[PDB]
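Remarks on the structure that follows.
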Amino acid sequence: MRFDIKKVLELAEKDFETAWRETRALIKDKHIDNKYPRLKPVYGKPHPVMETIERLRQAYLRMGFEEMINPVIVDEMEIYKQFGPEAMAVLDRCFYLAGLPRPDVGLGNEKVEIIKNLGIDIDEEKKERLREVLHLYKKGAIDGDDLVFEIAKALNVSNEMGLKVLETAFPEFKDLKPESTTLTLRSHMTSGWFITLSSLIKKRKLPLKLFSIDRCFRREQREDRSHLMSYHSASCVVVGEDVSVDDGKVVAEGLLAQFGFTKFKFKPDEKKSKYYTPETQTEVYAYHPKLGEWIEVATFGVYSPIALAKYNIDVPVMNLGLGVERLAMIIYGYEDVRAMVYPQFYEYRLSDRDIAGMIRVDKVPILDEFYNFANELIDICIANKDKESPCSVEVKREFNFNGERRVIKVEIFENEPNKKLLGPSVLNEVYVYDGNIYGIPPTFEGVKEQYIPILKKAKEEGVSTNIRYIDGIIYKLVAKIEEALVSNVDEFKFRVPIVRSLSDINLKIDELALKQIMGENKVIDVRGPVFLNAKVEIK
Amino acid sequence: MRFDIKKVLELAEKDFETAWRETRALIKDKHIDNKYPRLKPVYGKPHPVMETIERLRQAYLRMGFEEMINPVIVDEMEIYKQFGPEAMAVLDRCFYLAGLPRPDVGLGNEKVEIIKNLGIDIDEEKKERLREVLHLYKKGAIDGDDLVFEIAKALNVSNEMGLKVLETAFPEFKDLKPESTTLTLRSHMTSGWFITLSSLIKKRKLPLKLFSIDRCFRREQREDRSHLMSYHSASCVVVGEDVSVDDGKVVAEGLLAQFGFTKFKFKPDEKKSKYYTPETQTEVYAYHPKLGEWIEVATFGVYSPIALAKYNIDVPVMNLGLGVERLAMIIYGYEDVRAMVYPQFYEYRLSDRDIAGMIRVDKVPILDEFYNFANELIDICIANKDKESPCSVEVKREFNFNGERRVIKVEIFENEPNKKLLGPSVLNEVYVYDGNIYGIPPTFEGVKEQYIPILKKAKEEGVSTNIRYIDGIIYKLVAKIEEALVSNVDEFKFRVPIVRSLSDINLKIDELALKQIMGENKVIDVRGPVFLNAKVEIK
Amino acid sequence: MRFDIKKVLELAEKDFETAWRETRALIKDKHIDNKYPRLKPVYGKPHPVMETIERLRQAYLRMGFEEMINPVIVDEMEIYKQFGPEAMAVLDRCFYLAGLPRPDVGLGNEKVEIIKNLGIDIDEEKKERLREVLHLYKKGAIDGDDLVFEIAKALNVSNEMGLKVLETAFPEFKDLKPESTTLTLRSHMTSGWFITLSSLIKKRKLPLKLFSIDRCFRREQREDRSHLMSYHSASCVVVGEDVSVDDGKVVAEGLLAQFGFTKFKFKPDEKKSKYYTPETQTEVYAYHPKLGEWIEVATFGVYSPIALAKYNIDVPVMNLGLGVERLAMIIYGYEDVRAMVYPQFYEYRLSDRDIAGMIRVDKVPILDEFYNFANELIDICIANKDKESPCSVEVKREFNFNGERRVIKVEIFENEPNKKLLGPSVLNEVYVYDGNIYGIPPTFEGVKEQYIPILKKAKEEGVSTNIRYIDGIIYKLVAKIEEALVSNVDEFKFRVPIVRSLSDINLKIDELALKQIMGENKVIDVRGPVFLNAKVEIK
Ligand SMILES: Nc1ncnc2c1ncn2[C@@H]1O[C@H](COP(=O)(O)OP(=O)(O)OP(=O)(O)O)[C@@H](O)[C@H]1O
Ligand SMILES: Nc1ncnc2c1ncn2[C@@H]1O[C@H](COP(=O)(O)OP(=O)(O)OP(=O)(O)O)[C@@H](O)[C@H]1O
Ligand SMILES: Nc1ncnc2c1ncn2[C@@H]1O[C@H](COP(=O)(O)OP(=O)(O)OP(=O)(O)O)[C@@H](O)[C@H]1O
């Protein structure tokens, strides 16, 4: 359990130094299962696009901007107001919203028969209750969520039978086709900004500095290295009598400065979109190092007095919109938005450490007694690994299991002469380097010489499992002692000659790590002569 | 400018205390324009829904959850996979995505004539360049953004003439009607979670704890006190062999605990939506104090082995989705999501302080010389406000304007006997309380007695402008001296008898504050006898 | 073992509804150990003072202020520079810094003797090596950290014996007494601001807005509800040719506004500390609702031209310092800073939920087989609890343990007439309410009527363990079957007459929760007649 405070204090007062040294034994090492690097840290991991969104919220807030949420869904005529006649072309880029009608369907008599053939007992009453539920669904008074519930309730059947009725008796529901409206999703924040400002200016003291960082949707040819069907705009508007394009320049500098950028460039936007005053629509470029090229991070301009007029705004307004995903690409060094935004549809490679922590000890003794017995036994072997043969090393110990004592005589030996007790590889340690697994000896005596610079490099740069051959071997041995005791076996022999695989030293690897090791076509080279012979007797 | 370090140090070393007291004069008070409360703080203001989103990101991250972004747009068949046959009803709630076709239109000859009648010179070459631009637009190779540019480029005309051509020659663009697809917007995070997990499970080590806080869209009957067409889901999934509904209970407790909630309640969801294992769909309620009632903050459950199977997932998965806007309503005490999310479409009331800072001094002298002259003059009047009449107070001072000196004799007097120099109201101070503006005297001597408890309360609880009648009056007087000097006027009289309005003491109020003061039907009661007579001579 | 995707898809495709209902069995319930509320959420918990510090950094950053770190340690003469002669009094509140000298000690034969008697073999060489280590320590070239190491290294002894030599041969090290210096810890940020500003003004463009939120130290008579020896100042300075107190007023308003405060008060500071221009030192008050009284959150003023002059600053400077702990007290509703700041030295009460999650099931079967057997058995009893006596319920089941079959006949009975199989309390459920534990029946027939409103209240407001008597009872029974099999026992009887304690239904409570249950003088009332007789035979 825990340790004796009194005994520790007394031992320490007799002689502090001995006590400090000796008292280390009161601190147990962890179960082999849970030693580093098999012990992994757990922490929450943010998404780059969303951390960039928060950092942008704060870059705007720290410039005095007031945070807003604008309408997402806007009528097409809003886009005609802002873009003018150009909207008959620009509206190609916007998603229209469409939706299913309600079905007008009735009950009886063929349907009544279907429902009866389902095993349902229907009154006239039940038939009317359901006739009403269907009416209400036609008239829009019941949600789709709720229709299985209401049917079930109507006929007094199970929920699932409600669904059964729905799909069996009324399959014409499947013939509903979505019909489009005049409503669209905003393709940039502006489509909302006008609506928000039109209502807001008259109520507020100018100048206004507003911002919103929120989703926008474009209907594009395809998705790109730098384009998605849905993106995030880090948009703002500055409203005031004296506003000009320079305000956009200053907002772009202030946003980018806070992210570390010292160099960006402005460049006229050939499009000259009509919601912007002529010759004010400006592109902002920042440098993407991994791509080598300059990338468009933002766009700004001053709204056209014509659009502003159509929204009852009589004062100039500067707009700036920065694409969150672009900035994020630069920040985190991604070269493909699709792979940055949705990394789940791509691959998750395991590092040397990841793999080193997926290498586990197979059989280990379950009982504390024998686990410690194992550790001690390991240290014993490591102490006599060089005994000159013929050798033997006995360990007799008594274990008490309630009433009965059993005495375990584990003996590990070497009959044949001119040998040593254990062999050149018993202390080999399993490393992982560059996707490879190597069981490496502490010194390269007798190692083939092409191999040595590789193993030296893995031993230097790679990640260790901190498991030696001897460790897994002995845990296997003592686990076999436990196994023996519950199996009514009094004697057995156990031997590890030349080690050829992970299995041979009682280790295994998580299948996910194997799949990669193979897939990347790398090696698991665990090998060595480890001639360990043991006999155990259980009296 | 700035002050003399040497002179200050010397004055201080002669006698520290006198020096510390006297040296206060080296610190100028601010221009009356910029004194508190006319001086307002400026800081960025977060939006409650977005601060709640960040706090939720961190509540999830602090539980070890991994942040994700899921597809927003999903095919309808995804919903059939998750919801089963019920999707023929549930899909009513989802928005379908629709979009405009490209137009197939050609050039010539009537269009060629329109273009010519526009003032454009068209070659055969220009005609072919544009015929190609229109082809490419048909074939989807030119964006809507870019079409005015390309037309303009084709015909070598101005940008705007490009647009002119577009809308005049090809108005059939306006006849494009949006045609619907099979693509929908997700109505809750699950519709994305399945897609994400289906691809992600095989690549990753279980258990997984994922989360995303992102927009969802529902097609509802109407928007409510608690329902919007677009909302934010604070969703998560826990994936593992041993996952059960209890995981949802623990996620809901852990999310709500971090926000301060000590009391929430669970309740079965009658819907029993089919993407959830039977009898696991659970509602989470938390208490909204301003509304008095319990409100639904979240929903969770365990996905159905049938849906999981249709996505190649063979291990149970718990889903929880919390509505950000609901939680926000509880947190910030709003009772109407529409008013919380989009407060720009509602009203912005001005506090007592807001109004007190929108009360400005009208005329003030522009020249430093005369501004200080004014301040001194004010203090002079405040010193002789009780001189027994007949009174007079002269102030002769010489001002130098490059070459020429002028000597200003400002005299403020009181001819008639049994009076005092100034009158009972000269030190009245303008306060704002409960939407009202009151000019209040320092003591209630002679004040009508119904009024006294009101004015006492305004003076106690209200916000002061820190402007007294005498202040605005004298700034007006000296401003008139300046005015005089540039107007070639050597003499004038200036008098303030009984004060009746803000104007009478040289103040005015920002129109936005007036509009409210009137709208709320409150008063501006600035009144008092302040009999100040002055003559000024400029020699 | 996960579930069969193919079998599921096929079952679902035969009949979706049956399959949806039936596949619930593929979602295994959690081990009783890990069911809610024993399953707790785990998340990181911020400290109120530090969370307030961060929110304050952001309130300052959002006003355009530039964040700084100022010297913490400052010479006393700095304080004389700022405070003038008043510093001969003010310096009482400041901590002086002191430190102990290096010892001058030599070796020589009396010590050499001690070291030998310690068991250490000392050469002349070792003696000289250690003589140098002691020299270098006198001359300041060895850190205290490092001295035990160096000593050991010198004598070629263990680390611990290096320490032994140190404490045994040179115990005069203990006679070192701390000598004070002229260095002090800052008692407010100002003591650093001057230093910082003195260096910074010449290098920068005015106006400057700086802020720092960092520790300050005071020597107070004692610590208060509102005073600690060390506190955090959220300080700032505004530097510019035109600053006055009004800048302090807007900074205080802007700081407090962002925290939700609409209400604060200014009040002259009687002290008129000499580092502030006369009559500018201002106190800021905010309302602490729980304390009922107004509390001092901040102080501001304009530095004295004398102090600024002694630092070569020729331009006015407004300083404001808000005490973080005060603001935190208001925000989180603490009434005692010492208890808010250092809550570990105070008490941690367990909520009802906390205690309900510390009630554990004692004995539960280890083998999956018998665990499920147990659940099945529970449901069987719950199904036959009302069988009229004489009753019996047999459950014969055969279990396979590698080679051998064993057949377990569990028989649950009631021989005596006029009774039922189980008894009125068998389905009682354990609740926690207001610090009490109650085992409560689903219905109140036969309950003494004094008790009923209490138990009704606990059942409504309290927190359930979601464990019924029958649950723990049967888990105990089957656990005993397991014990039997391992113990070579083929028959036993098992009976639960009247329930009197938690132990009687195989439950126990965590020691920490009991300590409180007792300390707070509350009850653990679980009792009921639950007459369950069972016989078990193992063939
Ligand atoms: N599909 C998209 N994905 C991500 N970000 C986008 C997308 N479309 C536009 N943006 C962002 O919005 C801003 C304005 O878009 P704009 O159309 O002006 O330039 P573009 O990159 O040529 O886009 P398009 O392909 O629509 O012409 C850009 O700075 C970019 O940051
Ligand atoms: N229109 C909406 N606006 C805001 N939040 C919503 C909206 N619809 C659903 N939510 C959130 O998603 C969760 C699940 O919605 P669910 O449909 O299960 O319940 P509901 O409130 O009855 O919605 P509905 O009206 O669609 O039936 C709720 O906790 C709520 O937080
Ligand atoms: N010991 C302290 N603990 C916590 N905060 C303090 C302490 N001393 C001062 N503060 C903070 O610093 C500001 C200035 O302190 P000041 O000494 O002017 O007032 P005070 O509360 O009377 O302090 P004291 O009584 O220690 O002189 C206060 O607003 C308070 O917020």
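Chain lettering (A, B, ...) mirrors the order of the structure tokens, residue numbering begins at 1 for each chain separately, and ligand numbering begins at 1 in order of display.
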Q: Check which residues fall inside 8 Å of ligand 3 when counting only C-alpha atoms and all ligand atoms, and print them as JSON, numbers by chain.
A: {"C": [188, 217, 218, 219, 220, 223, 224, 226, 227, 228, 229, 230, 231, 232, 233, 269, 283, 284, 296, 297, 298, 299, 321, 322, 323, 324, 325, 326, 327]}
Written selection (C-alpha atoms) as a PDB file, in the first residue's frame:
ATOM      1  CA  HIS C 188       3.114  48.483  -6.404  1.00  0.00           C
ATOM      2  CA  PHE C 217       4.473  42.655  -2.174  1.00  0.00           C
ATOM      3  CA  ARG C 218       3.464  44.540   0.949  1.00  0.00           C
ATOM      4  CA  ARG C 219       4.342  44.249   4.629  1.00  0.00           C
ATOM      5  CA  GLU C 220       0.907  44.576   6.143  1.00  0.00           C
ATOM      6  CA  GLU C 223      -3.624  39.642   6.287  1.00  0.00           C
ATOM      7  CA  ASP C 224      -7.316  40.524   5.839  1.00  0.00           C
ATOM      8  CA  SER C 226      -9.036  41.838   1.516  1.00  0.00           C
ATOM      9  CA  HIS C 227      -5.248  42.073   2.024  1.00  0.00           C
ATOM     10  CA  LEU C 228      -2.466  39.581   1.362  1.00  0.00           C
ATOM     11  CA  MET C 229       1.301  39.876   1.785  1.00  0.00           C
ATOM     12  CA  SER C 230       1.541  39.389  -1.960  1.00  0.00           C
ATOM     13  CA  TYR C 231      -1.007  40.508  -4.509  1.00  0.00           C
ATOM     14  CA  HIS C 232      -1.385  41.070  -8.237  1.00  0.00           C
ATOM     15  CA  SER C 233      -1.521  44.539  -9.741  1.00  0.00           C
ATOM     16  CA  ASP C 269      -7.644  59.323  -1.721  1.00  0.00           C
ATOM     17  CA  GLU C 283      -9.875  55.597  -5.605  1.00  0.00           C
ATOM     18  CA  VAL C 284     -12.188  53.427  -7.697  1.00  0.00           C
ATOM     19  CA  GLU C 296     -11.939  49.363  -3.579  1.00  0.00           C
ATOM     20  CA  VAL C 297     -10.901  47.796  -6.878  1.00  0.00           C
ATOM     21  CA  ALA C 298      -8.438  50.339  -8.195  1.00  0.00           C
ATOM     22  CA  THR C 299      -6.381  53.465  -7.664  1.00  0.00           C
ATOM     23  CA  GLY C 321      -3.529  50.016 -10.755  1.00  0.00           C
ATOM     24  CA  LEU C 322      -6.399  47.623 -10.173  1.00  0.00           C
ATOM     25  CA  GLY C 323      -6.021  44.852  -7.618  1.00  0.00           C
ATOM     26  CA  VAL C 324      -6.692  41.536  -9.336  1.00  0.00           C
ATOM     27  CA  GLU C 325      -7.753  39.768  -6.179  1.00  0.00           C
ATOM     28  CA  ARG C 326     -10.333  42.394  -5.321  1.00  0.00           C
ATOM     29  CA  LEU C 327     -11.955  42.198  -8.732  1.00  0.00           C
TER      30      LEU C 327
END
For chain A versus chain C, which residues have an atom no more than 6 Å away, and what is each residue's nearest atom pair and distance in Å rounded to one decimal, using only C-alpha atoms, chain-then-number order, as a tab-separated table?
residue	atom	partner	partner_atom	distance
A:17	CA	C:160	CA	5.3
A:61	CA	C:62	CA	5.8
A:62	CA	C:62	CA	4.1
A:160	CA	C:17	CA	5.3
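Proximity to residue 97 (chain B) at 7 Å, evaluated using only C-alpha atoms and with sequence-adjacent residues fewer than 3 positions away removed, yields residues 95, 96, 97 and 98 of chain A; 180, 181, 183 and 184 of chain B.
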Just write the chosen residues, N, CA, C and O atoms, as a PDB file, in the first residue's frame.
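Contents of selection33.pdb, freshly written:
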ATOM      1  N   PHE A  95     -25.086  29.489 -53.939  1.00  0.00           N
ATOM      2  CA  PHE A  95     -25.965  28.341 -53.789  1.00  0.00           C
ATOM      3  C   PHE A  95     -27.384  28.818 -53.575  1.00  0.00           C
ATOM      4  O   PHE A  95     -27.612  29.656 -52.740  1.00  0.00           O
ATOM      5  N   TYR A  96     -28.348  28.293 -54.306  1.00  0.00           N
ATOM      6  CA  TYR A  96     -29.730  28.587 -53.988  1.00  0.00           C
ATOM      7  C   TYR A  96     -30.204  27.582 -52.972  1.00  0.00           C
ATOM      8  O   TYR A  96     -29.684  26.477 -52.912  1.00  0.00           O
ATOM      9  N   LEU A  97     -31.175  27.966 -52.156  1.00  0.00           N
ATOM     10  CA  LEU A  97     -31.747  27.047 -51.190  1.00  0.00           C
ATOM     11  C   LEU A  97     -33.008  26.420 -51.735  1.00  0.00           C
ATOM     12  O   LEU A  97     -33.850  27.109 -52.284  1.00  0.00           O
ATOM     13  N   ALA A  98     -33.134  25.109 -51.576  1.00  0.00           N
ATOM     14  CA  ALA A  98     -34.271  24.373 -52.119  1.00  0.00           C
ATOM     15  C   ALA A  98     -34.859  23.500 -51.035  1.00  0.00           C
ATOM     16  O   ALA A  98     -34.222  23.279 -50.033  1.00  0.00           O
TER      17      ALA A  98
ATOM     18  N   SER B 180     -32.425  22.317 -58.627  1.00  0.00           N
ATOM     19  CA  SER B 180     -32.012  21.695 -57.395  1.00  0.00           C
ATOM     20  C   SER B 180     -31.159  20.466 -57.628  1.00  0.00           C
ATOM     21  O   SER B 180     -31.176  19.895 -58.707  1.00  0.00           O
ATOM     22  N   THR B 181     -30.407  20.064 -56.611  1.00  0.00           N
ATOM     23  CA  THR B 181     -29.577  18.878 -56.703  1.00  0.00           C
ATOM     24  C   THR B 181     -30.001  17.876 -55.645  1.00  0.00           C
ATOM     25  O   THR B 181     -31.113  17.942 -55.128  1.00  0.00           O
ATOM     26  N   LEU B 183     -27.843  17.425 -53.110  1.00  0.00           N
ATOM     27  CA  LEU B 183     -26.992  17.878 -52.037  1.00  0.00           C
ATOM     28  C   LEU B 183     -27.789  18.668 -51.023  1.00  0.00           C
ATOM     29  O   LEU B 183     -28.648  19.445 -51.388  1.00  0.00           O
ATOM     30  N   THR B 184     -27.525  18.451 -49.742  1.00  0.00           N
ATOM     31  CA  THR B 184     -28.200  19.194 -48.688  1.00  0.00           C
ATOM     32  C   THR B 184     -27.209  19.790 -47.698  1.00  0.00           C
ATOM     33  O   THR B 184     -26.053  19.414 -47.693  1.00  0.00           O
TER      34      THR B 184
END
Q: Mind listing the alpha helix (DSSP H) residues of region 285-463 of chain A, per DSSP on the backbone, as a ChimeraX atom specification?
A: /A:305-309,324-332,337-341,352-356,368-383,451-461
**Q.** 10 Å contact set for region 428-443 of chain B, only C-alpha atoms, chain neighbours under 6 positions out, as an NGL selection string
**A.** :B and (349-357 or 359 or 452 or 454-471 or 501-502 or 513 or 516-518 or 520-528 or 530)
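Going from CA of residue 264 (chain B) over to CA of residue 288 (chain B), you cover 10.6 Å.
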(Q) Give me, as number ranges by chain, all polymer residues having an atom no more than 10 Å from region 113-121 of chain A, counting only C-alpha atoms and skipping those fewer than 4 positions away in the same chain. (A) A: 108-109, 126-127, 155-157, 161, 164-166, 168-170
